[PDB]
């Protein structure tokens, strides 16, 4: 019962980032996991998900540009972001699906200039 995101930063448009999330086993094992984001002036938005067996799916806003992946040996979730736009600027969070009621701190992504 632990979610700890990392990897975010300020980058250029066109850029790429790899986000990581350490989840506890209780949350992670046998569970669908996903990435969310919360931009300025908006509520939290679903972005991508991935089943225990490795099957990923994506929101229309990021399909084609982001890849979500999972490492079942070490309860890690990953989000490879490519071709970043200013609109991808937000706080990014991992959780299981359906959501555990306590969110981690998230990791800030800022795309700019």
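Positions refer to the first chain, counted from 1.
Looking at mean Cα B-factors across 43 to 51 and 71 to 79, the upper value is held by 71 to 79.
Compared with the other modelled residues of the chain, the Cα B-factor recorded for residue 104 ranks in the middle third. In the PDB entry, a CA B factor belonging to the lowest third of its chain's modelled residues is recorded for residue 90. Sort the chain's modelled residues by C-alpha temperature factor and residue 14 lands in the highest third, per the entry.
Among the modelled residues of its chain, residue 34 has a C-alpha B-factor that falls in the lowest third, as given in the PDB entry. Sort the modelled residues of the chain by CA B factor and residue 23 lands in the middle third.
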